[PDB]
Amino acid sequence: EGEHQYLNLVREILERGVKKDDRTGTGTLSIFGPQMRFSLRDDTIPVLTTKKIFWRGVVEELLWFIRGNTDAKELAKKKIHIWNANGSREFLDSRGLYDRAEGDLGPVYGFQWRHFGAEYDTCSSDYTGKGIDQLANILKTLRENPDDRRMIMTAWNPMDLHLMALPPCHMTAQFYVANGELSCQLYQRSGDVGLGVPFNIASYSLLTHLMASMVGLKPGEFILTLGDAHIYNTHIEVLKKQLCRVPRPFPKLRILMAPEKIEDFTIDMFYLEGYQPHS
């Protein structure tokens, strides 16, 4: 049912979610363990049509993850300011990272993907050949042994959590191949269904399409498995309004080229075709 899976999850949380408080104390409606499956066949990419998704933000954040970058200032340079708050002096101080420079998020997401286990210094440091390159290893495995049942990429490193501005949310992904098609399952421990989740869906779906082009496979499915899937009490009314919007068909991703190395992908190499969101 495509987008209707997302909209039915919103509906389910509104109707059956339990009243649960978050870190600050801000209330949520919550359910545990829901799953959503999106077809990536016929170039489809699940970018929501009932709300306009910040596609440029999705792309730049992903490429920044793929490069193994952790400097929020590098995103701020591209006019993507989604990570600036968690890289602020006041926020880093609140986490006990007083020595850490402004915008230096620590060994978050991408650093774990490309350099798992490497000793973190700063965001500007040279990490070439440091730690375990999980992403490069998955790409080599998809080319040489696509039936492998261990194609895991994790950002969940218990030893580095204290060094991160925030612990990973979209924490573990698994890759799978069947009938020349690449599928991805993301385990996400916590999901703000109203804000973060639509962005995570577009992000990992883009990652799967990009990875498929790297290894001569076709995109299959993207599965999002959530832990605590919740709606903030402040979002209920705006989400109720979004539920009345009739979805339009999902856009198609057009990849113009794939470079030799996945970290050399630029926003110019691919684009959304027929993206018609509600205004």
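Numbering starts at 1 and runs along the sequence shown.
In this entry, 24 to 32 shows the higher mean Cα temperature factor of the pair 223 to 231 and 24 to 32. Higher mean CA B-factor, judged across 100 to 108 and 192 to 200 from the recorded values: 100 to 108. Of the candidates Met151, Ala85, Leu186, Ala155, the deposited coordinates give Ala85 the top C-alpha B factor. Per the PDB record, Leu166 has a higher Cα B-factor than any other of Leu182, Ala173, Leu207, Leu166. Sort the modelled residues of the chain by CA B factor and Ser213 lands in the middle third.
For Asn8, the recorded CA temperature factor ranks within the lowest third of the chain's modelled residues. Ranked by C-alpha B-factor against the other modelled residues of its chain, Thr70 falls in the highest third.
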